[PDB]
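**Student:** There's a structure below that I have some questions on.
Nothing in this text is a laboratory measurement; each read-out follows from the coordinates by a stated rule. Note that we place each Cβ from the backbone using ideal geometry, even for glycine, and neighbour counts take in every protein chain shown.
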Amino acid sequence: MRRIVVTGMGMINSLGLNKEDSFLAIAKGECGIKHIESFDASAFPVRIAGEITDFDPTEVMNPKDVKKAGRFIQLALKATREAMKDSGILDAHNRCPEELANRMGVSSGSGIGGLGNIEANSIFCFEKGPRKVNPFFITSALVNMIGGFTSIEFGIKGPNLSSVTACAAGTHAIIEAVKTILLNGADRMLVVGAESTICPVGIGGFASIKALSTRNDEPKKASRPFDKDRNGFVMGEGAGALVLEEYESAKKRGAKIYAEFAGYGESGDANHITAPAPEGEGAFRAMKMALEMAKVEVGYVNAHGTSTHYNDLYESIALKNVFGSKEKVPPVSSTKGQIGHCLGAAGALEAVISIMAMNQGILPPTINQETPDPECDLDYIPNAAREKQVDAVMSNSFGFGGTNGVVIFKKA
Amino acid sequence: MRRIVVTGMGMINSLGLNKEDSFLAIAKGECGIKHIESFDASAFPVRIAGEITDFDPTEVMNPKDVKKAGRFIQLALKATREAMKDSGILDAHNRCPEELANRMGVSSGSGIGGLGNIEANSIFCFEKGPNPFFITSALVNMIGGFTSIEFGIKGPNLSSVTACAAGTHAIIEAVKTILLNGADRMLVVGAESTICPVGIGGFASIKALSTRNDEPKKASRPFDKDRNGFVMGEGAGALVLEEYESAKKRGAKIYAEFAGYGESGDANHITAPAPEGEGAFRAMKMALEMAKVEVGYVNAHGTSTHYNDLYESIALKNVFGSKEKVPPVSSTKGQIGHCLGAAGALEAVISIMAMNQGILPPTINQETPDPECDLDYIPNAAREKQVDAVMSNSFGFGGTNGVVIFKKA
Ligand SMILES: [Rb+]
Ligand SMILES: [Rb+]
């Protein structure tokens, strides 16, 4: 079986423009949730989000192409430039070498893509007619245009795949790239999950299905996975990126390896379109097959932990069942307190966070742990990071539609 | 390697509500393109589309669920019901047997999902403030959400969103999943319904759509000299894939066997296909090299735009060697329009039934030969010919390419 390793990583989110700054803030328990500025949310029932306030898209595209990409793609370009530079693959012109381009692809994930662009163009058309629809609307909004823009940026011509399984899209983007390399469809794959849906129809839409915290008075206290007073997730934006590479290719070129892919699991609840299944039965199966694939001792779990009542409860039950007992569950934390629930980007962001935690021996905390919930009784690494060396990490993603994805990376 | 066979199929489009009626109409060279009536297009620059005028949503959903499911999911439920019933796997409650449920998943593809639902809620928030639809109704992976609940299938639940290639990538990702032993069976469906103001307006503003509004049935004309853009269609195609031993063990009927696939990216331009169809060439080459069969029929991407049809024809010539070495080719997008993320699933069904029946459906509206598109496109009338393997191309926006090959059982 072909071995697969991680040779480059990057991310951007509401706590940092690169993975070093972002992980530091996350491990220190900071919080990037703020009052919404990107639109006028003053009359909305939810008025907070994990907005990135310091992102300049002209650093990653010329000001003429900025209008051709939705914000989620701009964030993807930032995170993937960071990861591709980190991998050392890029040549003197910051492109994949031409003789290697056909064997490196891209796997991109997003839950909704260019929501704000669809919104704005919907209103243009409604009010002023179809000739007011921007010529660049379609390219800016389609989810796979992450792969379109990034493949052109780096000159990578291998399989160009996209995942759109809602809150699990970023994890499925990793898994689909893994399958592709395992089956010899590529020797390297750029993986990126990216989401930016902080717009009226995005916030309004998740608020009307009652999925969002309405704790508007203290934004930094609103996202509190597994806490007794959790009352909904907080939308965040961001992108995470990883370079996956076949093992011999990485070692022969002397690339520094951050982790080795060890296992994955995929499942569907087939229960409810928005509520997770009682006992986390689908999450249990995805967790179980990843663990049986990897055959390693997981020392840290980055939970899905979106800070909703049912998700955090059912995930906690599934973790206890899959590991066999409360005491056998490794330390767990959700980092969605710090950077919010970034939807399709969550899995890619949290794979990066998990691998950095392993690399640094620092397990980031779940923040806002103020009232213990008797039904969520695991070790959630409350409020302060834990210094602990681990040899493998697990990352969970349990998304709308009952679609579940789990990945395990191990020390290399 | 684990072998994979097709044990059930279904489809709905602008020429039929099931695979038997639509393939017959497609093979006869009929055209489901019509004047747009699903919204007021009277002041639009494009006023034609492959609208399904006779679909009844209430057969596959309850009225409380139309708020929860965009039209593309409704079509997916129709096509997957047909396919799952066809497969014979369903028990007395139209569900997958509980003992097989954990090992059967779903792979769904769509390019844009519930565009019109997002549009409606965008307008409604703008006019009335912080809804007509649930944001759930529009997410592409809710195809897999609804269908997995519908049949009780609990295996990997995956979604593909590579624009015009989504339906073909949905097949391929299911194939990869079965090859790697992540599933023994997978329901595959591509579904698209984006015939709405902002959807027509978005493709019109990028100059991708035919403006031959006076003659709906003559507008979609792949490889013809007077083609001038694609025509939106809506629809859904569905396939049941099963590992070979699993299928024989339960006595499945076998329509075809998976033979090979190829995937590539142009990495050239966000909307313009690459010159010489260079990425399409590579995808086709890898599928042919994997499959090791003689392809007797190609269902082209053939969207009836100037550059797609030209560059696809060049790539075909380069991959097979010369004009006379290319197998018979047809695009069926004249008949049912370009169904975007659904096209690859629809066209896999069309291609497999072509093989089963020995009837190769035509490319229609072949009126003026284009000297640059000089292949055999099976013009206007279906050809009676037995084939042992079929290839289907999907070359989507963003330069993303997918090709799949199926061979005779
Ligand atoms: Rb996670
Ligand atoms: Rb095709």
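**Student:** Highest GNM mean-square fluctuation, chain A, Cα pairs closer than 10 Å: which of A:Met84, A:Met61, A:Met11?
**Tutor:** Among A:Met84, A:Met61, A:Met11, the largest mean-square fluctuation in the Gaussian network model of chain A belongs to A:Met61.
**Student:** From Cα pairs below 8 angstrom and at least 6 apart in sequence, can you work out the relative contact order of region A:249-358, rounded to a whole percent? Before the final figure, lay out the partial values.
**Tutor:** On the way: 111 pairs, mean separation 27.9, N = 110.
Once divided by the residue count of region A:249-358, the mean separation gives 25 percent.
**Student:** Could I ask something else about it? Roughly how far apart, in whole Å, are the Cα centres of region A:328-347 and region B:294-364?
**Tutor:** Cα centroid of region A:328-347 versus Cα centroid of region B:294-364: 45 Å apart.
**Student:** Under unit Cβ charges (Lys, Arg +1; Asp, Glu -1), what dipole magnitude, rounded to 20 debye, does the protein assembly as shown have relative to its Cα centre?
**Tutor:** 680
**Student:** Measuring from centroid to centroid over Cα atoms, what is the spacing of region A:39-79 and region A:125-196 in Å?
**Tutor:** Here the answer is 17 Å between Cα centres.
**Student:** With springs connecting C-alpha atoms under 10 Å apart, model chain A as a Gaussian network and identify which of A:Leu363, A:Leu182, A:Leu343 has the largest mean-square fluctuation.
**Tutor:** The residue that fluctuates most here is A:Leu182.
**Student:** Provide the net charge surrounding A:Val407, with neighbours chosen by a C-beta distance below 13 Å and charges set as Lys +1, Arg +1, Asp -1, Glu -1. Display every interim value, and only then the final one.
**Tutor:** Values: positive: A:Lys179, A:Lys410; negative: A:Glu176, A:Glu260, A:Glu266, A:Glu350.
Value of the local net charge: -2.
**Student:** Could you grab the relative contact order for region A:1-101? Cα pairs under 8 Å, six or more apart, rounded to a whole percent.
**Tutor:** Values: 104 pairs, mean separation 31.7, N = 101.
It rounds to 31 percent for region A:1-101.
**Student:** By the scheme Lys and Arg +1, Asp and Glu -1, what is the net charge of all other residues having a beta-carbon under 14 Å from that of A:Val5? List each step's numbers first, then the result.
**Tutor:** Values: positive: A:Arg2, A:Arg3, A:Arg188, A:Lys251, A:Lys252, A:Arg253, A:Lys256, A:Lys410, A:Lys411; negative: A:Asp86, A:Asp187, A:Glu245, A:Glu246, A:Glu248, A:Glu260.
Net charge around A:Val5: +3.
**Student:** Hey, if you put +1 on the Cβ of every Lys and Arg and -1 on every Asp and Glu Cβ in chain B, which of B:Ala315, B:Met61, B:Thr303 ends up farthest toward the positive end of that dipole?
**Tutor:** Looking along the dipole axis, the top candidate is B:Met61.
**Student:** Partner chain Cβ atoms within 10 Å, averaged over the residues of B:115-126 - can you pull that number for me?
**Tutor:** Details: counts 3, 1, 1, 9, 8, 3, 7, 15, 7, 2, 12, 8.
Going residue by residue through B:115-126 and averaging, the value is 6.
**Student:** Before rounding to the nearest 500, sum -39500 (n - 2.57) across all DSSP H runs of length at least 4 in chain A and divide by the residue total; then give [θ] at 222 nm in deg cm²/dmol. Let's see the in-between values first.
**Tutor:** Details: 12 runs with 132 residues, N = 412.
That calculation yields -9500 deg cm²/dmol at 222 nm.
**Student:** Explain nothing, just the number: dipole magnitude of region A:264-410 about its Cα centre with +1 on each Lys and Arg Cβ and -1 on each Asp and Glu Cβ, in debye rounded to the nearest 20.
**Tutor:** Values: 10 positive and 17 negative charges, 74 e Å.
With only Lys, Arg, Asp and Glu charged at Cβ, the dipole is about 360 debye.
**Student:** If you don't mind, another one. Roughly how many debye, to the nearest 20, is the charge dipole of region A:4-259 about its Cα centre, given +1 on each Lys and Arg Cβ, -1 on each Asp and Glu Cβ, and no other charges? Mind showing how you got there, number by number?
**Tutor:** Details: 30 positive and 29 negative charges, 62 e Å.
So the magnitude is around 300 debye.
**Student:** Picking from A:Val243, A:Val66, A:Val106, which is most flexible by a Gaussian network model of chain A using Cα springs under 10 Å?
**Tutor:** A:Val66
**Student:** Can you order the peptides A:111-123, B:328-340, B:20-32, B:375-387 by their average number of other Cβ atoms within 10 Å per residue, highest first? Intermediate values should be presented prior to the final figure.
**Tutor:** Details: A:111-123: 26.3, B:328-340: 29.6, B:20-32: 20.6, B:375-387: 16.9.
Per-residue Cβ counts within 10 Å, averaged per peptide and sorted highest first, yield B:328-340, A:111-123, B:20-32, B:375-387.
**Student:** May I pose another question? Taking H as built 1.01 Å from N, whose amide H comes closer than 5 Å to the amide H of A:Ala262, not counting residues under 5 places away?
**Tutor:** Amide H neighbours of A:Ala262, under 5 Å, 5+ apart: A:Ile408, A:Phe409, A:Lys410.
**Student:** Projected onto the charge dipole of the protein assembly as shown (+1 at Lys/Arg Cβ, -1 at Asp/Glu Cβ, origin at the Cα centre), which of A:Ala27, A:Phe409, A:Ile152 gives the Cα projection farthest towards the positive end?
**Tutor:** Looking along the dipole axis, the top candidate is A:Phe409.
**Student:** If you don't mind, there's one more thing I want to ask. Residues of B:258-265, mean number of Cβ from any other protein chain within 10 Å of their own Cβ, rounded to a whole number? Walk me through the numbers on the way to the answer.
**Tutor:** Details: counts 0, 0, 0, 3, 2, 8, 8, 17.
Mean shielding count: 5.
**Student:** Let me ask another. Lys/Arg Cβ at +1, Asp/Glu Cβ at -1, dipole of region A:209-298 taken about the Cα centre: which of A:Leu212, A:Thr274, A:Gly238 is farthest positive-ward?
**Tutor:** A:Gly238
**Student:** Inverting the mean 1/r over all pairs of different Cα atoms, compute the Kirkwood radius of the protein assembly as shown and quote it in Å.
**Tutor:** On the way: mean 1/r = 0.0387 Å⁻¹.
Computed over Cα pairs of the protein assembly as shown, the Kirkwood hydrodynamic radius comes out at 25.8 Å.
**Student:** Taking the Cβ of B:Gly70 as the center, what net charge do the other residues with Cβ under 14 Å away carry, scoring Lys and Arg +1 and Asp and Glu -1? Show your work: numbers first, answer last.
**Tutor:** On the way: positive: B:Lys67, B:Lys68, B:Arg71, B:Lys78; negative: B:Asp65, B:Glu119, B:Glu192, B:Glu234.
Counting the neighbours of B:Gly70, the net charge comes to 0.
**Student:** Then there's this: Can you give the average number of partner chain beta-carbon atoms within 10 Å of each beta-carbon in peptide B:267-278, as a whole number?
**Tutor:** Values: counts 19, 5, 3, 14, 7, 0, 0, 1, 0, 0, 0, 1.
Across B:267-278, the average partner-chain Cβ count within 10 Å equals 4.
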